[PDB]
Each structure stands twice: as structure tokens, then as C-alpha cells.
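Engineer: Right, I'll just put the structure down here and ask away after.
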Amino acid sequence: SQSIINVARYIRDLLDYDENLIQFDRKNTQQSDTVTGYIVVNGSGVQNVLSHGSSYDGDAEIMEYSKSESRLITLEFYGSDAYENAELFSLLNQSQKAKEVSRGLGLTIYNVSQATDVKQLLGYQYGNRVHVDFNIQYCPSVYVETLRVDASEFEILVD
Amino acid sequence: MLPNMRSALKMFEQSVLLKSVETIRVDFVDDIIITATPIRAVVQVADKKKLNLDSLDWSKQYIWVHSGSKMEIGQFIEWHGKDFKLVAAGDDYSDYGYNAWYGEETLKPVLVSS
């Protein structure tokens with residue numbers, strides 16, 4: 002839903018990096034000018050749930066179905082400055098700047114797990130491409146207008 | 001003198017719309033303006049349009065156009081009722097006076113203006 006876009010936001014203004022140069026994932030988008038170092042938030046990793054909360058509110062009476070989950074979103078950096086935008090990210094991920102800018106992004110951020118300089122077969126040529134891994138954990142939610150119970154009439158019986 | 005297949009392309013012409021998308025984004029929210037032009041072309045079928053198998057069957061018609069006007073990949077071509085992404089098996093005899101491309105019907109509805 003919004004999680005991948007959120008982590009894209011976080012990487013947008015942790016690296017102080019451009020809008021148009023962060024594309025999402027295995028969507029359709031042309032990577033022209035290989036040296037223009039792109040970053041893509043690959044979300045192809047299976048997101049697995051952890052719990053299904055259910056809270057209820059009394060006065061402004063509605064309730065709240067939540068679902069905590071996590072996904073191994075990878076980051077692929079491209080371009081001549083792929084390596085740097087890998088390392089400089091893979092290392093600022095756990096600074097002030099990151100941990101201070103991911104304020105409202107309803108999305109935890111775990112440590113970078115591993116890296117790889119797996120390039121891409123660009124047709125008789127090799128374009129710089131680096132993957133970095135980190136589990137991301139978030140929790141989508143929805144709100145539903147149910148209604149409470151004010152009393153309960155009932156009857157008993159005995160032998 | 002470079003040979004010019006252009007005159008050998010007029011007879012087979014057909015009117016067609018050539019559009020391109022120039023995506024615009026703010027705070028990572030997708031909007032797409034369009035650029036549409038009435039361009040000359042000629043259309044033949046490209047890959048005989050089959051029915052693939054999946055969870056649900058799907059099929060995308062293939063057309064392969066020629067024109068005297070340049071045609072980049074990230075452009076669509078509508079000729080009857082559904083635009084075709086200019087994706088594959090294209091080749092630019094631009095110096096020879098024309099270019100060609102295969103086409104992929106984007107099963108999305110046609111990009112009028114957005």
C-alpha cells in the first residue's frame with residue numbers, strides 16, 4: 002500500500018537524493034543514461050505477517066483492525082556512483098539523520114543486513130548495480146464503524 | 001546517397017496517434033501528462049496474437065508500425081481502440097528515412113489526457 006513508498010521517502014531524504022532518480026521496483030520505468038545513479042526499492046521479497054491486532058474505541062466509537070508485518074525490501078543502487086550511494090547509505094542508515102527524519106513514516110527501519118555488487122547484464126556490457134538488504138517492519142491498519150453495547154437484558158432459570 | 005524507403009512507405013499509410021508519457025512526481029505520487037500527435041504510419045501484425053496461460057488467461061495484440069517520424073520506446077501508438085507500447089523488435093533506419101517497432105497493447109484504457 003504505502004509502505005514501499007514510505008521507505009522510498011526515507012531513502013529520499015536520508016541521502017538528500019532526488020525525486021526523479023528514485024524509481025520504485027519491478028514496475029515499468031526506463032533506466033536511461035546508466036551513469037545516472039538510480040535507487041530502486043525492490044519490494045519483491047515476500048512480506049510475512051506477524052500479528053493481527055484488534056482494538057476498539059469507546060466515545061468516538063469505531064474500532065481498529067491492525068496487521069503488523071515485515072518484508073525484506075532490498076535497495077538496488079545503479080549508476081557510476083552506485084558504490085558510494087550504497088556504502089554512504091549502508092552506513093548512514095543508523096545515524097541521527099535517518100533516525101530523526103523517519104518521524105511519521107509508520108515504518109520501523111532495521112540494520113542493513115548484507116550487500117552485493119551483483120551487476121546487470123546490459124547486453125555485452127556491465128552496468129554498476131548493488132543490492133543492500135534490510136528487513137523493514139510496519140503495520141497497516143483500517144478503521145471500521147462498529148457499535149458498542151450499552152446494556153444486556155437477560156433471564157435465568159433454575160431447578 | 002543513402003537509400004530512402006520513405007516513398008516506398010506512403011502507399012501503405014494509415015492515420016494513427018503517437019503519444020508519449022512524461023511522468024511527473026511530487027512526494028513520490030505518480031501523475032502522467034500526455035503528448036499526443038497525429039502521425040503517419042503503416043501497421044502489420046507482429047507476433048500472431050496468442051493466448052497465454054496463467055492464473056487467468058491473457059492476450060496482448062502485437063502490431064509493428066513503420067513511419068517516417070521517429071518513435072522512441074517510451075511511446076504508445078493507438079490505431080483502432082487500444083494503444084500499443086512500442087517495446088520490441090524495433091529498428092531505426094532513420095538515416096534511411098524511416099523506423100519500425102513492434103507493439104504491445106496496454107490492456108489499460110487509452111491515455112486520452114489524464
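Protein sequences appear in the order of chains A5 and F4. All letters in the first sequence, in the order written, are residues 2 to 160 by the entry's author numbering. All letters in the second sequence, in the order written, are residues 1 to 114 by the entry's author numbering. Just so it is clear, CB atoms sit at the ideal spot from N, CA and C, and this is done for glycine as well.
Would a check of beta-carbon distances place residue 28 (chain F4) closer than 8 Å to chain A5?
Structural biologist: Yes, residue 28 (chain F4) lies at the interface with chain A5 (some Cβ there is under 8 Å from its Cβ).
Engineer: Between the alpha carbons of residue 101 (chain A5) and residue 27 (chain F4), how many angstroms are there, rounded?
Structural biologist: The straight-line gap from Cα to Cα measures roughly 18 Å.
Engineer: So is residue 136 (chain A5) in contact with chain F4 if we call contact Cβ pairs under 8 Å?
Structural biologist: False, the Cβ-Cβ gap to chain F4 never drops below 8 Å.
Engineer: Along the chain, where does the beta strand (DSSP E) that runs through residue 130 (chain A5) open and close?
Structural biologist: Segment 130-139, the beta strand (DSSP E) holding residue 130 (chain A5).
Engineer: With a cut-off of 8 Å, does the C-beta of residue 99 (chain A5) fall near any C-beta of chain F4?
Structural biologist: Chain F4, which has no Cβ nearer than 8 Å to the Cβ of residue 99 (chain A5), makes this no.
Engineer: Can you give me the start and stop residues for the beta strand (DSSP E) that residue 90 (chain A5) sits inside?
Structural biologist: Unbroken run through residue 90 (chain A5) is the alpha helix (DSSP H), 83-93; no beta strand (DSSP E).
Engineer: Between residue 146 (chain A5) and residue 55 (chain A5), what straight-line distance do the alpha-carbon atoms span, to the nearest angstrom?
Structural biologist: Spanning the two alpha carbons is a distance of roughly 13 Å.
Engineer: Strictly under 8 Å for the Cβ-Cβ distance: is residue 126 (chain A5) near chain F4 by that measure?
Structural biologist: So, not an interface residue.
Engineer: Which residues bound the alpha helix (DSSP H) around residue 112 (chain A5)?
Structural biologist: Run containing residue 112 (chain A5): none; DSSP gives neither H nor E here.
Engineer: Check whether the Cβ of residue 90 (chain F4) lies closer than 8 Å to any Cβ atom in chain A5.
Structural biologist: Output row for residue 90 (chain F4): interface = no.
Engineer: Residues in its own chain within less than 8 Å of residue 19 (chain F4) by CB, not counting five upstream and five downstream?
Structural biologist: So the list reads 34, 35, 36, 37, 75, 76, 77, 78, 83, 111, once near-sequence residues are dropped.
Engineer: Where does residue 16 (chain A5) land, buried or exposed, given buried means 16+ other C-beta within 10 angstroms?
Structural biologist: Answer is buried; the Cβ neighbour count reaches 16.
Engineer: Output yes or no for whether 8 Å exceeds the beta carbon distance between residue 110 (chain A5) and residue 18 (chain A5).
Structural biologist: No, these two residues do not count as a Cβ contact at 8 Å.
Engineer: Counting only the same chain and skipping the five closest in sequence on each side, list residues whose C-beta sits under 6 Å from that of residue 135 (chain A5).
Structural biologist: 111, 113, 114, listed in sequence order.
Engineer: List the endpoints of the continuous alpha helix (DSSP H) containing residue 11 (chain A5).
Structural biologist: 4-13 is the span of the alpha helix (DSSP H), which, as asked, contains residue 11 (chain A5).
Engineer: Following the continuous beta strand (DSSP E) through residue 44 (chain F4), name the residue where it begins and the one where it ends.
Structural biologist: Its beta strand (DSSP E) spans residues 29-45.
Engineer: Report, in whole angstroms, the separation of the C-beta atoms of residue 38 (chain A5) and residue 83 (chain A5), which I expect to be a contact under 8 Å.
Structural biologist: That pair is a contact at about 6 Å.
Engineer: Which value, in whole angstroms, describes the spacing of the CA atoms of residue 183 (chain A5) and residue 109 (chain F4)?
Structural biologist: Lying outside 2 to 160, the shown extent of chain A5, residue 183 (chain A5) is not represented and no answer is given.
Engineer: Identify, in the order they occur along the chain, each residue of the same chain with its Cβ nearer than 6 Å to the Cβ of residue 52 (chain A5), setting aside the five sequence neighbours on each side.
Structural biologist: Excluding residues within five positions, the ones whose Cβ falls inside 6 Å are 69.
Engineer: Would you mind telling me which residues of chain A5 sit closer than 8 Å to residue 25 (chain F4), beta carbon to beta carbon, in chain order?
Structural biologist: Going along chain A5 in sequence order, the residues near residue 25 (chain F4) (Cβ under 8 Å) are 20, 21.
Engineer: How big is the Cα-Cα spacing for residue 144 (chain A5) and residue 72 (chain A5)?
Structural biologist: For residue 144 (chain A5) and residue 72 (chain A5), the distance between alpha carbons rounds to 23 Å.
Engineer: I need the straight-line Cα distance from residue 93 (chain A5) to residue 86 (chain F4), nearest angstrom please.
Structural biologist: Their backbone Cα atoms lie some 40 Å apart in a straight line.
Engineer: Near residue 58 (chain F4), what residues of its chain come up, given a Cβ to Cβ distance below 8 Å and the 5 sequence neighbours on each side ignored?
Structural biologist: Hits under 8 Å: 51, 52, 107.
Engineer: Return helix, strand or coil for residue 100 (chain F4), following the three-state DSSP convention.
Structural biologist: Correct three-state label for residue 100 (chain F4): strand.
Engineer: From residue 127 (chain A5) to residue 11 (chain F4), what distance separates their C-alpha atoms?
Structural biologist: Near 44 Å, if we compare the C-alpha coordinates of residue 11 (chain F4) and residue 127 (chain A5).
Engineer: Between the Cα of residue 45 (chain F4) and the Cα atoms of 72 (chain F4), 105 (chain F4), 113 (chain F4), which residue gives the shortest distance?
Structural biologist: When only C-alpha atoms are compared, the closest one is 105 (chain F4).
Engineer: Does the beta-carbon distance from residue 152 (chain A5) to residue 133 (chain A5) come in below 8 Å?
Structural biologist: No, Cβ-Cβ distance for residue 152 (chain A5) and residue 133 (chain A5) is not below 8 Å.
Engineer: Measuring alpha carbon to alpha carbon, tell me which of 41 (chain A5), 156 (chain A5), 149 (chain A5) ends up nearest residue 58 (chain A5).
Structural biologist: Looking at the Cα atoms, 149 (chain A5) is the closest of the given residues.
Engineer: Check whether the Cβ of residue 6 (chain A5) lies closer than 8 Å to any Cβ atom in chain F4.
Structural biologist: Cβ-Cβ to chain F4 under 8 Å: yes for residue 6 (chain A5).
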